[PDB]
Protein chains: 2
Amino acid sequence: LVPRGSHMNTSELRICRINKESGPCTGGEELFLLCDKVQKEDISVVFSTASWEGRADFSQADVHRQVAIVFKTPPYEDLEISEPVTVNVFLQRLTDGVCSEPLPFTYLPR
Amino acid sequence: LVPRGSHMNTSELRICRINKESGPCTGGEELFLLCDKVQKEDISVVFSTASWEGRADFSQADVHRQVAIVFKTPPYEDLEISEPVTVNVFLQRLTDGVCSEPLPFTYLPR
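Participant: Would you mind showing me how to read the overall build of chain A here?
Facilitator: When helices and strands are tallied, chain A shows zero helices and 11 strands. Order of helices (α) and strands (β) in chain A, N terminus to C terminus: β-β-β-β-β-β-β-β-β-β-β. In terms of C-alpha radius of gyration, chain A reaches 13 Å, essentially the compact-globule figure of 13 Å for 110 residues. Its C-alpha atoms give chain A principal-axis dimensions of about 35 × 30 × 20 Å. Taking all contacts inside chain A whose residues are at least 6 apart in sequence as the whole, residues at least 24 apart take part in 64%. Accessible area of chain A: about 5,900 Å², with a carbon and sulfur share of 49%. Looking at chain A, you have 11 positive and 16 negative side-chain charges, and the mean spots of the two groups are 7 Å apart.

In structure tokens, the structure reads:
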């Protein structure tokens with residue numbers, strides 16, 4: 001349960017991989033990741049950086065057989081980035097607020 | 001079980017989506033798709049066109065919890081294509097040789 005920021009990391013939540021490594025900072029894009037056993041009714045996908053945090057948008061429906069999650073990327077804090085900004089994506093249980101190890105995801109401009 | 005080529009289609013195998021819509025005709029690229037309940041020990045991923053058929057490369061291991069499959073794309077018949085050639089990707093049970101509905105995937109040159 002060892003600490004990793006304001007929240008807590010676990011070996012219970014794990015993100016195997018995302019289909020798209022990058023994407024535009026506008027957000028809204030529809031992506032989908034693989035993971036281990038997750039509780040469809042208690043799970044979220046969060047994008048973050050030291051000072052910004054964005055949640056993906058998806059329904060319990062979008063969670064396929066507890067190991068995949070189709071979601072819609074949140075827009076990046078600033079939509080006027082001029083550079084490729086790669087942040088952190090990771091899972092997190094609502095209940096115990098526990099998170100998973102992050103995966104790098106990079107926003108791009110238009 | 002209605003016919004669709006030399007083989008047979010079913011409502012038992014379904015490909016929800018692939019992470020990458022395209023890729024180079026060289027093949028070898030590592031992709032992964034979503035699908036419904038598949039038998040890890042009886043399933044394959046085939047790329048085809050009316051006159052060419054290629055199989056993806058993956059192990060029973062690469063099949064995650066029966067709904068996702070991480071595989072390696074086969075090279076396209078001709079690696080000297082000058083144009084974007086989009087073929088068909090689909091599942092198929094070894095035993096009953098039954099297939100699924102195809103999904104378009106397009107090879108590209110270098």
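Participant: How do you make sense of the sheet that holds strand β7 (residues 63-64) of chain B when you look at a structure like this?
Facilitator: Whether parallel or antiparallel, the strands of a sheet pair through hydrogen bonds between backbone atoms. All names here are of chain B. Within the open sheet, the four strands sit side by side as β2-β4-β8-β7. Their pairing is antiparallel. In this open sheet, the two strands that pair with only one neighbour each are β2 (15-18) and β7. Sheet analysis places strand β4 (residues 30-35) next to strand β8 (residues 68-72), joined by five bridges and oriented antiparallel. Paired with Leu33 across the bridge in β8 is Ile69.

Participant: What is the right way to look at the pattern of salt bridges in this model?
Facilitator: Close approach of charged atoms allows side chains with opposite charge to pair. Residues and elements named next belong to chain B. Applying the stated criterion across every chain, the model contains 10 salt bridges over all chains. The partner of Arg93 in a salt bridge is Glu12, with the nearest N and O atoms 3.1 Å apart. Here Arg93, found in the loop between β9 (85-92) and β10 (98-99), pairs with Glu12, found in the loop between β1 (8-9) and β2; they are 81 residues apart in sequence, far enough to count as distant. For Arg93, a relative accessible area of 17% puts it in the buried group.

Participant: Hey, could you run me through the environment of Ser82 of chain A in this one?
Facilitator: Residue and element names in this part refer to chain A. Mapped onto the elements, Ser82 comes out in the loop between β8 (68-72) and β9 (85-92). Assessed through its relative accessible area of 69%, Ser82 is described here as exposed. Sequence separation of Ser82 and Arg110 is 28 residues, and the distance between their C-alpha atoms is 8.9 Å.

Participant: Explanation requested: the sheet that holds strand β7 (residues 63-64) of chain A in the structure shown.
Facilitator: All names here are of chain A. What the four strands build is an open sheet, ordered β2-β4-β8-β7; its pairing is antiparallel. A single partner strand is all that each edge strand has here, and the edge strands are β2 (15-18) and β7. Note: β2 against strand β4 (residues 30-35), three bridges, orientation antiparallel. By the bridge assignment for β4, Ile15 is matched with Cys35.

Participant: What is the right way to look at the environment of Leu91 of chain A in this model?
Facilitator: Residues and elements named next belong to chain A. Residue position: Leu91 is located in strand β9. The class of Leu91 is buried, set by a relative accessible area of 0%. The spacing of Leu91 and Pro3 is 88 residues in sequence and 15 Å in space, taken between C-alpha atoms. Residues in contact with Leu91, not counting those within four places in the same chain, are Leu13, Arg14, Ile15, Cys35, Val38, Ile43, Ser44, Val45, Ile69, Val98, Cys99 and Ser100.

Participant: How do you make sense of unusual backbone geometry when you look at a structure like this?
Facilitator: Negative phi values dominate among residues other than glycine, just as trans dominates among peptide bonds. Residue and element names in this part refer to chain A. In this structure, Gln66 takes a positive phi of about 65° despite not being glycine. Relative to the elements of secondary structure, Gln66 occurs in the loop between β7 and β8. With relative accessibility at 25%, the residue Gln66 sits in the partly exposed group.

Participant: Where do I start with the pairing of strand β11 (residues 103-108) of chain B in this structure?
Facilitator: Regular strands show a simple pattern: their side chains alternate between the two faces of the sheet. Residues and elements named next belong to chain B. Bridge analysis of strand β3 (residues 22-24) against β11 gives three bridges, and the strand direction is parallel. Across the sheet, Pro24 pairs through a bridge with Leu108, a residue of β11. Where β9 meets β11, five bridges bridge the pair, whose relative direction is antiparallel. Bridged to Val89 within β11 is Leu103.

Participant: Explain the interface of chain A and chain B to me, please; I cannot follow it from the model alone.
Facilitator: Facing the 14 residues of chain A at the interface are 14 residues of chain B. Roughly 1,200 Å² of surface becomes buried between chain A and chain B when both sides are summed, with 64% attributable to carbon and sulfur atoms. Scanning the region where chain A abuts chain B turns up two salt bridges. Across the pair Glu30 of chain B and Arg17 of chain A runs a salt bridge whose closest N-O atoms are separated by 2.5 Å. Seen at the junction of chain A and chain B, the total is four residue pairs in polar contact. Listing elements by their share of the side of chain A that touches chain B, those giving two or more residues are β2, β4 and β8 of chain A. Of the residues in the side of chain A that touches chain B, the class split is seven nonpolar, two polar and five charged.

Conventions and cut-offs
Residues numbered from 1 in each chain as written, not as in the entry; some residues may be left out. Chains lettered and ligands numbered in written order. Heavy atoms only, no water. Helix = DSSP H or I, 4+ residues; strand = E, 2+ residues; numbered from the N terminus. Rg over C-alpha atoms; globule rule 2.2 N^0.38 Å. Contact = heavy atoms within 4.5 Å. Areas by Shrake-Rupley, 256 points an atom, 1.4 Å probe, with all protein chains shown as cover. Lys, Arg positive; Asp, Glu negative; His and termini not counted. Charge placed at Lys NZ, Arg CZ, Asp CG, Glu CD. Pairing = 2+ DSSP bridges. Salt bridge = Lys/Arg side-chain N within 4 Å of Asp/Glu carboxyl O. Buried < 20%, exposed > 50% of the residue type's maximum accessible area, 1.4 Å probe, protein only. Buried area = accessible area lost by both parts, 1.4 Å probe. Polar contact = N/O pair within 3.5 Å; in protein donor to acceptor, adjacent residues only side chain to side chain. Nonpolar A, V, L, I, M, F, W, Y, C, P; charged D, E, K, R; others polar.

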